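What follows is a single structure, written as structure tokens, with notes after it.
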Amino acid sequence: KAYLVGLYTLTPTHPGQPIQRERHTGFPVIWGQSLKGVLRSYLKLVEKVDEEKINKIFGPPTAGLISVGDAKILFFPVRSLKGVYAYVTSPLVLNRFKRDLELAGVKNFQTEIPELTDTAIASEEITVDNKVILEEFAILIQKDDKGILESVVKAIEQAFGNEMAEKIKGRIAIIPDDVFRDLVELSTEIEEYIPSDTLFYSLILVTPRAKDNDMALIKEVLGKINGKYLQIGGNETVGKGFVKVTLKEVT
């Protein structure tokens, strides 16, 4: 009934001049329309699925069985003094991730996420003298009594796969929302690009009126996207906009 999508940037990516951003936060987003077009053009040209099957699941590019949501940033790569770089997230981002999971039907991720104002919760591999040095900023670490990092890593594994989990594991740093906001606004690759090693997530929801014969078709076609590589945005000819795509079914 619902599919979760992961987008991991392998190259500097410009979805589309400044990049597309959410109004009231300043967070970079990949617009659902754009992602839907990237997906259906992939299944058409690369996987070579029939015109009719694609026209039934996505509908003509103007009447579709599924809905492709916007892709939001879950982890953003920031230069770290220890561990070279860190995957940076915030309580707001993680809470949105929970909220979108509940919208998808997931009741697994219910771990309490502490509000952070002056402290961070990071892995040992990126921490020095009880601190995490992201670029210029220096943030005092806070002990992980609730076992939040391990729960996050578990969530990543359940959501995007085991490889994605191992990739992020050891470099996670939950920081204040303001610091995250400032980073993702000022630590962009500069034409403004979204830096490599950025993890987006998107929701694919199936219409309630979908018959069971539709369910099988959606499963068959969308399954050909998991663990594949897609191109998103401009400047494709200079090796940019390449993303590893994961597609896990939600139970």
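Ordering of the structure tokens sets the chain letters (A, B, ...); residue numbers start at 1 within each chain; ligands are numbered from 1 in the order shown.
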Rows by chain and residue number, region 163-226 of chain A within 9 Å of region 49-70 of chain A, shortest pair, only C-alpha atoms, as a Markdown table:
```
| residue | atom | partner | partner_atom | distance |
| --- | --- | --- | --- | --- |
| A:201 | CA | A:70 | CA | 8.2 |
| A:202 | CA | A:69 | CA | 5.7 |
| A:203 | CA | A:69 | CA | 5.1 |
| A:204 | CA | A:68 | CA | 4.7 |
| A:205 | CA | A:67 | CA | 4.9 |
| A:206 | CA | A:66 | CA | 4.2 |
| A:207 | CA | A:65 | CA | 5.6 |
| A:208 | CA | A:65 | CA | 8.8 |
| A:209 | CA | A:65 | CA | 8.3 |
| A:210 | CA | A:65 | CA | 6.5 |
| A:214 | CA | A:65 | CA | 7.5 |
| A:215 | CA | A:65 | CA | 8.9 |
| A:217 | CA | A:53 | CA | 7.7 |
| A:218 | CA | A:57 | CA | 6.5 |
| A:221 | CA | A:49 | CA | 7.7 |
```
Next, the residues of the selection above should be written as a PDB file, in the first residue's frame with N, CA, C and O atoms.
```
ATOM      1  N   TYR A 201      14.820  11.040   1.218  1.00  0.00           N
ATOM      2  CA  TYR A 201      13.806   9.996   1.315  1.00  0.00           C
ATOM      3  C   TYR A 201      12.475  10.491   0.760  1.00  0.00           C
ATOM      4  O   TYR A 201      12.112  11.654   0.931  1.00  0.00           O
ATOM      5  N   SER A 202      11.758   9.599   0.085  1.00  0.00           N
ATOM      6  CA  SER A 202      10.493   9.943  -0.550  1.00  0.00           C
ATOM      7  C   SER A 202       9.440   8.866  -0.318  1.00  0.00           C
ATOM      8  O   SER A 202       9.764   7.692  -0.128  1.00  0.00           O
ATOM      9  N   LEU A 203       8.175   9.274  -0.339  1.00  0.00           N
ATOM     10  CA  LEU A 203       7.066   8.351  -0.134  1.00  0.00           C
ATOM     11  C   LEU A 203       6.311   8.071  -1.430  1.00  0.00           C
ATOM     12  O   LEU A 203       5.961   8.994  -2.168  1.00  0.00           O
ATOM     13  N   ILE A 204       6.066   6.795  -1.702  1.00  0.00           N
ATOM     14  CA  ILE A 204       5.236   6.400  -2.834  1.00  0.00           C
ATOM     15  C   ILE A 204       3.960   5.732  -2.330  1.00  0.00           C
ATOM     16  O   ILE A 204       3.975   4.580  -1.891  1.00  0.00           O
ATOM     17  N   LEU A 205       2.857   6.471  -2.385  1.00  0.00           N
ATOM     18  CA  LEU A 205       1.589   5.994  -1.850  1.00  0.00           C
ATOM     19  C   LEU A 205       0.661   5.515  -2.961  1.00  0.00           C
ATOM     20  O   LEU A 205       0.537   6.161  -4.002  1.00  0.00           O
ATOM     21  N   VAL A 206       0.016   4.375  -2.733  1.00  0.00           N
ATOM     22  CA  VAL A 206      -0.913   3.809  -3.703  1.00  0.00           C
ATOM     23  C   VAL A 206      -2.329   4.307  -3.431  1.00  0.00           C
ATOM     24  O   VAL A 206      -2.758   4.372  -2.278  1.00  0.00           O
ATOM     25  N   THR A 207      -3.049   4.664  -4.491  1.00  0.00           N
ATOM     26  CA  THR A 207      -4.420   5.142  -4.357  1.00  0.00           C
ATOM     27  C   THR A 207      -5.297   4.068  -3.705  1.00  0.00           C
ATOM     28  O   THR A 207      -5.119   2.877  -3.956  1.00  0.00           O
ATOM     29  N   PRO A 208      -6.224   4.490  -2.830  1.00  0.00           N
ATOM     30  CA  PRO A 208      -7.093   3.556  -2.101  1.00  0.00           C
ATOM     31  C   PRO A 208      -8.007   2.741  -3.015  1.00  0.00           C
ATOM     32  O   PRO A 208      -8.437   1.649  -2.638  1.00  0.00           O
ATOM     33  N   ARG A 209      -8.292   3.266  -4.201  1.00  0.00           N
ATOM     34  CA  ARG A 209      -9.191   2.608  -5.144  1.00  0.00           C
ATOM     35  C   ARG A 209      -8.495   1.523  -5.960  1.00  0.00           C
ATOM     36  O   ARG A 209      -9.101   0.919  -6.844  1.00  0.00           O
ATOM     37  N   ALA A 210      -7.223   1.279  -5.663  1.00  0.00           N
ATOM     38  CA  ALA A 210      -6.435   0.310  -6.415  1.00  0.00           C
ATOM     39  C   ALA A 210      -6.925  -1.116  -6.195  1.00  0.00           C
ATOM     40  O   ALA A 210      -7.035  -1.578  -5.060  1.00  0.00           O
ATOM     41  N   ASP A 214      -4.016  -4.341  -9.748  1.00  0.00           N
ATOM     42  CA  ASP A 214      -3.165  -3.162  -9.820  1.00  0.00           C
ATOM     43  C   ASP A 214      -1.977  -3.300  -8.872  1.00  0.00           C
ATOM     44  O   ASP A 214      -0.865  -2.889  -9.196  1.00  0.00           O
ATOM     45  N   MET A 215      -2.226  -3.883  -7.701  1.00  0.00           N
ATOM     46  CA  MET A 215      -1.190  -4.078  -6.688  1.00  0.00           C
ATOM     47  C   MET A 215      -0.015  -4.891  -7.223  1.00  0.00           C
ATOM     48  O   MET A 215       1.143  -4.578  -6.951  1.00  0.00           O
ATOM     49  N   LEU A 217       0.896  -5.274 -10.398  1.00  0.00           N
ATOM     50  CA  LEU A 217       1.587  -4.523 -11.440  1.00  0.00           C
ATOM     51  C   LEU A 217       2.518  -3.478 -10.835  1.00  0.00           C
ATOM     52  O   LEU A 217       3.652  -3.310 -11.284  1.00  0.00           O
ATOM     53  N   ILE A 218       2.028  -2.779  -9.818  1.00  0.00           N
ATOM     54  CA  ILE A 218       2.813  -1.761  -9.132  1.00  0.00           C
ATOM     55  C   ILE A 218       4.049  -2.381  -8.496  1.00  0.00           C
ATOM     56  O   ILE A 218       5.146  -1.838  -8.597  1.00  0.00           O
ATOM     57  N   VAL A 221       6.630  -3.449 -11.277  1.00  0.00           N
ATOM     58  CA  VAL A 221       7.301  -2.354 -11.962  1.00  0.00           C
ATOM     59  C   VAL A 221       8.201  -1.544 -11.027  1.00  0.00           C
ATOM     60  O   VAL A 221       9.351  -1.260 -11.364  1.00  0.00           O
TER      61      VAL A 221
END
```
### Task
Among the residues of region 61-178 of chain A, find those DSSP assigns to alpha helix (DSSP H) from the backbone and print them as a count of residues only.
36
### Message
I want to know what sits within 7 Å of residue 120 (chain A), based on only C-alpha atoms, with residues of the same chain fewer than 3 positions away left out; could you give that as a PyMOL selection string?
### Response
chain A and resi 116+139-142+173-176
With N, CA and C atoms retained, export the selected residues as an mmCIF file, in the first residue's frame.
```
data_model
loop_
_atom_site.group_PDB
_atom_site.id
_atom_site.type_symbol
_atom_site.label_atom_id
_atom_site.label_comp_id
_atom_site.auth_asym_id
_atom_site.auth_seq_id
_atom_site.Cartn_x
_atom_site.Cartn_y
_atom_site.Cartn_z
ATOM 1 N N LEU A 116 17.442 19.332 20.890
ATOM 2 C CA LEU A 116 18.808 19.787 21.085
ATOM 3 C C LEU A 116 18.915 21.274 20.792
ATOM 4 N N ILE A 139 30.636 21.721 18.699
ATOM 5 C CA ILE A 139 29.458 21.423 19.507
ATOM 6 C C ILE A 139 29.730 20.347 20.554
ATOM 7 N N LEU A 140 29.436 20.661 21.814
ATOM 8 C CA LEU A 140 29.585 19.700 22.903
ATOM 9 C C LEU A 140 28.667 18.502 22.704
ATOM 10 N N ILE A 141 29.225 17.302 22.816
ATOM 11 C CA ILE A 141 28.428 16.093 22.666
ATOM 12 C C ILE A 141 27.612 15.835 23.930
ATOM 13 N N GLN A 142 26.553 15.048 23.778
ATOM 14 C CA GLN A 142 25.701 14.653 24.887
ATOM 15 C C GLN A 142 25.559 13.134 24.893
ATOM 16 N N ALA A 173 25.510 12.301 13.349
ATOM 17 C CA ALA A 173 25.557 13.383 14.322
ATOM 18 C C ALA A 173 24.242 14.155 14.336
ATOM 19 N N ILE A 174 23.401 13.861 15.320
ATOM 20 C CA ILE A 174 22.174 14.615 15.525
ATOM 21 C C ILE A 174 22.499 15.938 16.206
ATOM 22 N N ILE A 175 22.258 17.040 15.505
ATOM 23 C CA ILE A 175 22.586 18.366 16.020
ATOM 24 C C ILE A 175 21.333 19.246 16.088
ATOM 25 N N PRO A 176 21.409 20.386 16.807
ATOM 26 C CA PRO A 176 20.308 21.356 16.835
ATOM 27 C C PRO A 176 19.747 21.707 15.457
#
```
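Note that the spacing between CA of residue 86 (chain A) and CA of residue 243 (chain A) amounts to 18.7 Å.
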Residues of region 115-195 of chain A that have any atom at most 10 Å from an atom of region 28-40 of chain A: could you tabulate them with the shortest-distance atom pair and the distance in Å to one decimal, using only C-alpha atoms, ordered by chain and increasing number, as a Markdown table?
```
| residue | atom | partner | partner_atom | distance |
| --- | --- | --- | --- | --- |
| A:181 | CA | A:28 | CA | 9.9 |
| A:184 | CA | A:28 | CA | 7.7 |
| A:185 | CA | A:28 | CA | 8.2 |
| A:188 | CA | A:28 | CA | 9.9 |
| A:194 | CA | A:28 | CA | 8.3 |
```
Residues from the last selection, C-alpha atoms, saved as an mmCIF file, in the first residue's frame:
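Wrote it out as part_19.cif, contents follow:
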```
data_model
loop_
_atom_site.group_PDB
_atom_site.id
_atom_site.type_symbol
_atom_site.label_atom_id
_atom_site.label_comp_id
_atom_site.auth_asym_id
_atom_site.auth_seq_id
_atom_site.Cartn_x
_atom_site.Cartn_y
_atom_site.Cartn_z
ATOM 1 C CA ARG A 181 19.537 24.543 8.940
ATOM 2 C CA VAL A 184 22.497 22.731 4.722
ATOM 3 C CA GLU A 185 22.146 26.356 3.601
ATOM 4 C CA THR A 188 26.252 23.395 -0.167
ATOM 5 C CA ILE A 194 23.747 19.358 -3.398
#
```
Please identify all polymer residues within 8 Å of region 121-137 of chain A, counting only C-alpha atoms, omitting same-chain residues fewer than 5 positions from it, and present them as a PDB file with C-alpha atoms, in the first residue's frame.
```
ATOM      1  CA  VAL A  78      29.331  18.028   6.656  1.00  0.00           C
ATOM      2  CA  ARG A  79      33.119  18.239   7.050  1.00  0.00           C
ATOM      3  CA  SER A  80      34.178  16.681  10.360  1.00  0.00           C
ATOM      4  CA  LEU A  81      37.512  17.091  12.166  1.00  0.00           C
ATOM      5  CA  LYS A  82      37.367  13.418  13.114  1.00  0.00           C
ATOM      6  CA  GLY A  83      36.073  10.860  10.623  1.00  0.00           C
ATOM      7  CA  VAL A  84      36.680  13.276   7.721  1.00  0.00           C
ATOM      8  CA  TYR A  85      32.947  13.941   7.290  1.00  0.00           C
ATOM      9  CA  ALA A  86      29.706  13.293   9.155  1.00  0.00           C
ATOM     10  CA  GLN A 142      25.701  14.653  24.887  1.00  0.00           C
ATOM     11  CA  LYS A 143      25.671  11.074  26.201  1.00  0.00           C
ATOM     12  CA  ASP A 144      23.355   8.612  24.452  1.00  0.00           C
ATOM     13  CA  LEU A 149      21.883   6.392  17.483  1.00  0.00           C
ATOM     14  CA  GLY A 170      29.834   5.591  12.504  1.00  0.00           C
ATOM     15  CA  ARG A 171      29.313   9.096  11.137  1.00  0.00           C
ATOM     16  CA  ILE A 172      25.894  10.061  12.510  1.00  0.00           C
ATOM     17  CA  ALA A 173      25.557  13.383  14.322  1.00  0.00           C
ATOM     18  CA  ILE A 174      22.174  14.615  15.525  1.00  0.00           C
ATOM     19  CA  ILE A 175      22.586  18.366  16.020  1.00  0.00           C
TER      20      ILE A 175
END
```
### Message
Taking 4 positions as the minimum chain separation for residues in the same chain, which residues sit within 9 Å of residue 245 (chain A) when counting only C-alpha atoms? Answer as JSON, numbers by chain.
### Response
{"A": [5, 6, 7, 8, 9, 160, 225, 226, 227, 228, 229, 230]}
Output of the above residues as a short mmCIF file (atom, residue, chain, number, x, y, z; two decimals), in the first residue's frame, restricted to N, CA and C atoms:
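Result written to part_29.cif:
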```
data_model
loop_
_atom_site.label_atom_id
_atom_site.label_comp_id
_atom_site.auth_asym_id
_atom_site.auth_seq_id
_atom_site.Cartn_x
_atom_site.Cartn_y
_atom_site.Cartn_z
N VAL A 5 11.20 5.33 -0.47
CA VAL A 5 12.26 5.52 -1.45
C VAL A 5 13.45 6.25 -0.84
N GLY A 6 14.65 5.73 -1.08
CA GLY A 6 15.87 6.39 -0.64
C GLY A 6 16.65 6.92 -1.83
N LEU A 7 17.18 8.13 -1.69
CA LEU A 7 18.03 8.71 -2.73
C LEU A 7 19.38 9.12 -2.15
N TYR A 8 20.43 8.41 -2.55
CA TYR A 8 21.77 8.72 -2.06
C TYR A 8 22.61 9.31 -3.19
N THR A 9 23.04 10.56 -3.01
CA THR A 9 23.81 11.24 -4.05
C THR A 9 25.24 10.69 -4.14
N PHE A 160 16.01 1.63 4.10
CA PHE A 160 16.74 1.74 2.84
C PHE A 160 17.62 0.53 2.52
N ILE A 225 13.39 -0.75 -9.48
CA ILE A 225 14.05 0.51 -9.18
C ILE A 225 15.01 0.35 -8.01
N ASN A 226 14.75 -0.65 -7.17
CA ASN A 226 15.54 -0.88 -5.97
C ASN A 226 17.00 -1.22 -6.27
N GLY A 227 17.91 -0.48 -5.66
CA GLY A 227 19.33 -0.73 -5.81
C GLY A 227 19.88 -0.31 -7.16
N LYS A 228 19.15 0.56 -7.85
CA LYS A 228 19.56 1.02 -9.17
C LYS A 228 20.16 2.42 -9.13
N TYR A 229 20.64 2.89 -10.27
CA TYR A 229 21.29 4.19 -10.35
C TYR A 229 20.57 5.10 -11.35
N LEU A 230 20.21 6.29 -10.88
CA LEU A 230 19.43 7.24 -11.67
C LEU A 230 20.13 8.58 -11.85
#
```
### Task
Give me, please, the distance in Å between CA of residue 165 (chain A) and CA of residue 2 (chain A), quoted to one decimal.
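So the answer is 21.0 Å.
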### Residue set, region 91-161 of chain A restricted to strand (DSSP E or B), as a VMD selection string
chain A and resid 119 to 122 131 to 134 137 to 141
Given the selection you just returned, output its residues as a file containing N, CA, C and O atoms, formatted as a PDB file, in the first residue's frame.
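Dumped to part36.pdb:
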```pdb
ATOM      1  N   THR A 119      23.666  21.034  22.311  1.00  0.00           N
ATOM      2  CA  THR A 119      24.409  19.782  22.346  1.00  0.00           C
ATOM      3  C   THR A 119      24.088  18.893  21.148  1.00  0.00           C
ATOM      4  O   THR A 119      23.070  19.073  20.479  1.00  0.00           O
ATOM      5  N   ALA A 120      24.971  17.934  20.883  1.00  0.00           N
ATOM      6  CA  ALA A 120      24.783  17.003  19.779  1.00  0.00           C
ATOM      7  C   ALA A 120      24.910  15.557  20.247  1.00  0.00           C
ATOM      8  O   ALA A 120      25.550  15.275  21.259  1.00  0.00           O
ATOM      9  N   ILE A 121      24.289  14.645  19.506  1.00  0.00           N
ATOM     10  CA  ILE A 121      24.405  13.217  19.776  1.00  0.00           C
ATOM     11  C   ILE A 121      25.071  12.527  18.591  1.00  0.00           C
ATOM     12  O   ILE A 121      24.425  12.252  17.578  1.00  0.00           O
ATOM     13  N   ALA A 122      26.363  12.250  18.721  1.00  0.00           N
ATOM     14  CA  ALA A 122      27.137  11.728  17.603  1.00  0.00           C
ATOM     15  C   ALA A 122      27.843  10.419  17.929  1.00  0.00           C
ATOM     16  O   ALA A 122      27.955  10.030  19.093  1.00  0.00           O
ATOM     17  N   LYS A 131      33.309  16.440  21.883  1.00  0.00           N
ATOM     18  CA  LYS A 131      32.917  17.482  20.941  1.00  0.00           C
ATOM     19  C   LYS A 131      32.829  16.947  19.519  1.00  0.00           C
ATOM     20  O   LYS A 131      33.495  15.977  19.164  1.00  0.00           O
ATOM     21  N   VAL A 132      32.000  17.593  18.708  1.00  0.00           N
ATOM     22  CA  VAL A 132      31.931  17.294  17.286  1.00  0.00           C
ATOM     23  C   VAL A 132      32.232  18.565  16.507  1.00  0.00           C
ATOM     24  O   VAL A 132      31.504  19.552  16.616  1.00  0.00           O
ATOM     25  N   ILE A 133      33.313  18.550  15.737  1.00  0.00           N
ATOM     26  CA  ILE A 133      33.712  19.733  14.987  1.00  0.00           C
ATOM     27  C   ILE A 133      33.203  19.679  13.551  1.00  0.00           C
ATOM     28  O   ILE A 133      33.837  19.082  12.683  1.00  0.00           O
ATOM     29  N   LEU A 134      32.054  20.302  13.309  1.00  0.00           N
ATOM     30  CA  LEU A 134      31.512  20.408  11.959  1.00  0.00           C
ATOM     31  C   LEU A 134      31.947  21.722  11.320  1.00  0.00           C
ATOM     32  O   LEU A 134      31.471  22.792  11.700  1.00  0.00           O
ATOM     33  N   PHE A 137      32.280  25.271  13.296  1.00  0.00           N
ATOM     34  CA  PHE A 137      31.517  25.080  14.528  1.00  0.00           C
ATOM     35  C   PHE A 137      32.060  23.962  15.417  1.00  0.00           C
ATOM     36  O   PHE A 137      32.555  22.946  14.932  1.00  0.00           O
ATOM     37  N   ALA A 138      31.959  24.168  16.726  1.00  0.00           N
ATOM     38  CA  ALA A 138      32.331  23.162  17.713  1.00  0.00           C
ATOM     39  C   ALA A 138      31.172  22.938  18.680  1.00  0.00           C
ATOM     40  O   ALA A 138      30.766  23.854  19.393  1.00  0.00           O
ATOM     41  N   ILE A 139      30.636  21.721  18.699  1.00  0.00           N
ATOM     42  CA  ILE A 139      29.458  21.423  19.507  1.00  0.00           C
ATOM     43  C   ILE A 139      29.730  20.347  20.554  1.00  0.00           C
ATOM     44  O   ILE A 139      30.185  19.253  20.225  1.00  0.00           O
ATOM     45  N   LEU A 140      29.436  20.661  21.814  1.00  0.00           N
ATOM     46  CA  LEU A 140      29.585  19.700  22.903  1.00  0.00           C
ATOM     47  C   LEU A 140      28.667  18.502  22.704  1.00  0.00           C
ATOM     48  O   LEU A 140      27.475  18.659  22.447  1.00  0.00           O
ATOM     49  N   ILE A 141      29.225  17.302  22.816  1.00  0.00           N
ATOM     50  CA  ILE A 141      28.428  16.093  22.666  1.00  0.00           C
ATOM     51  C   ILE A 141      27.612  15.835  23.930  1.00  0.00           C
ATOM     52  O   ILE A 141      27.928  16.342  25.008  1.00  0.00           O
TER      53      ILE A 141
END
```
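With distances restricted to only C-alpha atoms, A:47 is the closest residue to residue 224 (chain A) from A:47, A:249, A:163, A:192.
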Name all residues at most 9 Å from residue 235 (chain A) (count only C-alpha atoms; drop same-chain ones fewer than 4 positions away) and give them as an mmCIF file with C-alpha atoms, in the first residue's frame.
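So part-v6.cif came out as:
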```
data_model
loop_
_atom_site.group_PDB
_atom_site.id
_atom_site.type_symbol
_atom_site.label_atom_id
_atom_site.label_comp_id
_atom_site.auth_asym_id
_atom_site.auth_seq_id
_atom_site.Cartn_x
_atom_site.Cartn_y
_atom_site.Cartn_z
ATOM 1 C CA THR A 13 23.376 16.995 -7.737
ATOM 2 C CA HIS A 14 21.309 19.985 -8.891
ATOM 3 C CA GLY A 239 28.996 13.632 -14.610
ATOM 4 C CA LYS A 240 26.558 15.163 -12.131
ATOM 5 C CA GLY A 241 23.154 14.294 -10.684
#
```
### Message
Show me, as a ChimeraX atom specification, the residues that have an atom within 8 Å of region 112-114 of chain A when counting only C-alpha atoms, minus same-chain residues fewer than 4 positions from it.
### Response
/A:91,94-95,146,148
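Pairwise distance (CA of residue 186 (chain A), CA of residue 155 (chain A)) equals 27.8 Å.
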